[PDB]
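All remarks here apply to the structure that follows.
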Amino acid sequence: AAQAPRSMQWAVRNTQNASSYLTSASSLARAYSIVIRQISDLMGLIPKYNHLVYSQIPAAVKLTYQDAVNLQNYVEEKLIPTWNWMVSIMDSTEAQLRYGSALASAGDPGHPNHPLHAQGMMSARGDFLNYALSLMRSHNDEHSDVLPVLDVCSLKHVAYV
Amino acid sequence: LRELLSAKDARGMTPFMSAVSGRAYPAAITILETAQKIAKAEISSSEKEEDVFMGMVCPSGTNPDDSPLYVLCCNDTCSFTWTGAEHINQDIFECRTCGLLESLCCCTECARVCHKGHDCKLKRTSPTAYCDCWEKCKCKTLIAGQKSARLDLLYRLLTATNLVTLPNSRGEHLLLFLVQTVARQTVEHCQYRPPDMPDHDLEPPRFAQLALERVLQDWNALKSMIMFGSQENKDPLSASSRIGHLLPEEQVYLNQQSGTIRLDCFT
Ligand SMILES: [Zn+2]
Ligand SMILES: [Zn+2]
Ligand SMILES: [Zn+2]
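In order, the protein sequences belong to chains A and B.
Per UniProt numbering: the first sequence = residues 1707 to 1722, 1773 to 1874, 1908 to 1950.
Per UniProt numbering: the second sequence = residues 1102 to 1296, 1313 to 1384.
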């Protein structure tokens, strides 16, 4: 994982076998992508099929333009849920990134909290509370003068999708 | 009279603002009544009644740190008037402009008024200390004045003027200033005990609590505090307040959020 440039480093959990949930979440997304590619490939063959049956294989199913329509109708429907889930998360992420950049432009880099400038239990409870407070603020646009709390390294499964 | 009361001294202050700065609350009252009469006498002019009145009370271009309603609240006594030379746990400041370097110090009120405009910093030594300012300097917080007049003047200002809406020189709305004051006094005053050096053994001030209770009854004060950090109620200081010089895309993002750090810190 090659490391991000300074205009985006603030948005990464970084330093400026056991099981894990994220392993399994990621590998299922990896596996999902394969099937989507294969479906696309088969849809890719349809125009040439009246040649790529008989010139290639002893026997195969006859099919027609009307059937291609209905297949395509069916395929689109089955993707809508995952599409909505992808889109909504991506928009939310891009918004948080662009806002953090605009604030980095308008703010003062002399301040120790500027994105370009920047204990156990209590620091951890600090991290968690900063996160919960940033979450509650963000819902109503009550977040005008501090960086949104975010990490992108969890989002590997939306990257695959 | 209008000219004499709108004329500014060598520090920018009208006679009214001077009466407040000097704790001459009955004189401030006398002038403030008179200033209302004067503004109400010149209603025949092409100016609005208010412009004249604001000119005499708190003139345009006044540094916010000198706005009278704020100054009246800052006018408390030095802790030494009630602690004497006893050591109590309180906040303390060094003042380098005055040679009050890190072994020495003054209490919060001296730092706010006796050392206004100096290099002063919040000190890191133990809080169990009295305040050296009455001994090392010409300390202006030793005199209480007339308490009943101080309170009467506050009531009048709150109904006479829109000054409640201004933030101070650190972006603190007046209410956020008062409530921090009460919270601080609550700890300091619980250490008080009944019994060439200045008059000690006085009773501690309850003005901040009385002032907080009265201000909280004013709709304008309350609305002005709760709407703080809205796009209309633009915080002048430390708060992304200059934006027009950035390219338009970053403005359309950065206008959309709104602030609550101070409203949350108050609540
Ligand atoms: Zn003092
Ligand atoms: Zn003093
Ligand atoms: Zn000083």
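Ideal Cβ positions, reconstructed from N, Cα and C, are used throughout, including at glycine.
Query, Result
"Please list, in chain order, all residues of the same chain as residue 1169 of chain B whose beta carbon is under 6 Å from its beta carbon, the five residues on each side excluded.", "1118, 1121, 1159"
"So the candidates are B/1366, B/1167, B/1139; which of them puts its Cα closest to the Cα of residue 1154 of chain B?", "B/1139"
"Taking any heavy atom of ligand 3 as the mark, which residues have a C-beta closer than 6 Å to it, listed down the chain?", "B/1196, B/1198, B/1199, B/1216, B/1219"
"Residues of the segment 1931–1943 of chain A in Cβ contact with chain B at a cutoff of 8 Å, in chain order, please.", "1931, 1932, 1933, 1934, 1935"
"Based on the DSSP output, what are the partners of residue 1274 of chain B in its beta bridges?", "B/1268"
"On the three-state DSSP scale, how would you describe residue 1229 of chain B?", "strand"
"Please go through the UniProt zinc finger region \"UBR-type\" (1177–1245) of chain B and give each complete beta strand (DSSP E) segment of 3 or more residues, from N-terminal end onward.", "1193–1196, 1221–1223"
"Are residue 1183 of chain B and residue 1320 of chain B close, meaning C-beta to C-beta below 8 Å?", "yes"
"Going by the CB atoms, is the gap between residue 1930 of chain A and residue 1374 of chain B shorter than 8 Å?", "yes"
"Where do the N-terminal and C-terminal ends of the alpha helix (DSSP H) with residue 1816 of chain A fall, by residue?", "Counting along the chain, residue 1816 of chain A falls outside any alpha helix (DSSP H), and DSSP gives it neither H nor E."
"Out of A/1934, A/1945, A/1941, A/1940, point me to the one whose CA is closest to residue 1348 of chain B's CA.", "A/1934"
"Does residue 1915 of chain A come within less than 8 Å of chain B when only Cβ atoms are used?", "no"
"Is it the case that the segment 1231–1247 of chain B contacts the segment 1123–1134 of chain B, given that we only count it when at least three CB pairs across the two stretches are under 8 Å?", "yes"
"List the endpoints of the continuous alpha helix (DSSP H) containing residue 1345 of chain B.", "Segment: none, residue 1345 of chain B is in no alpha helix (DSSP H) and carries neither H nor E."
"Buried or exposed: residue 1151 of chain B, going by 16 or more other Cβ atoms within 10 Å of its Cβ?", "exposed"
"Is the Cβ-Cβ distance between residue 1189 of chain B and residue 1224 of chain B less than 8 Å?", "no"
"Specify the secondary structure class of residue 1336 of chain B as computed by DSSP and reduced to three states.", "helix"
"Going by the beta-carbon positions, is the gap between residue 1166 of chain B and residue 1270 of chain B smaller than 8 Å?", "yes"
"Measuring CB atoms only, is the segment 1245–1257 of chain B touching the segment 1208–1222 of chain B, in the sense that at least three cross pairs come out at less than 8 Å?", "no"
"According to the Cβ coordinates, are residue 1221 of chain B and residue 1195 of chain B closer than 8 Å?", "yes"
"Give the DSSP-derived three-state secondary structure of residue 1933 of chain A in the structure shown.", "coil"
"Residues of chain A with CB closer than 9 Å to the CB of residue 1377 of chain B, please, in chain order.", "1926, 1931, 1932, 1933"
"Please name the residue in B/1261, B/1234, B/1344 whose C-alpha comes closest to that of residue 1200 of chain B.", "B/1234"
"Please identify the residue among B/1185, B/1214, B/1229, B/1216 whose C-alpha is closest to the C-alpha of residue 1204 of chain B.", "B/1229"
"Could you tell me whether any non-hydrogen atom of ligand 2 is closer than 7 Å to the CB of residue 1182 of chain B?", "no"
"Which residues of the segment 1347–1366 of chain B have a Cβ closer than 7 Å to any Cβ of chain A? Give them in chain order.", "1356, 1357, 1360, 1363"
"Taking 7 Å as the cut-off, is the C-beta of residue 1229 of chain B nearer than that to any heavy atom in ligand 1?", "no"
"I need the straight-line Cα distance from residue 1711 of chain A to residue 1722 of chain A, nearest angstrom please.", "12 Å"
"Is there at least one Cβ from chain A nearer than 8 Å to residue 1223 of chain B's Cβ?", "no"
"Rounded to whole angstroms, what's the CA-CA distance from residue 1113 of chain B to residue 1107 of chain B? Just pull it up for me.", "10 Å"
"So that I know if they touch, is there some Cβ in chain E lying closer than 8 Å to that of residue 1855 of chain A?", "Any reference to chain E falls outside this structure, whose protein chains are A and B."
"Out of A/1807, A/1827, A/1922, state which residue places its alpha-carbon closest to the alpha-carbon of residue 1937 of chain A.", "A/1922"
"Can you determine whether any heavy atom of ligand 2 sits closer than 7 Å to the C-beta of residue 1211 of chain B, and answer yes or no?", "yes"
"Do you know whose CA, among B/1129, B/1332, B/1290, B/1338, lies nearest residue 1180 of chain B's CA?", "B/1290"
"Looking at residue 1261 of chain B: is its Cβ nearer than 8 Å to the Cβ of residue 1283 of chain B?", "no"
"Can you find a C-beta in chain B that's less than 8 Å from the C-beta of residue 1782 of chain A?", "no"
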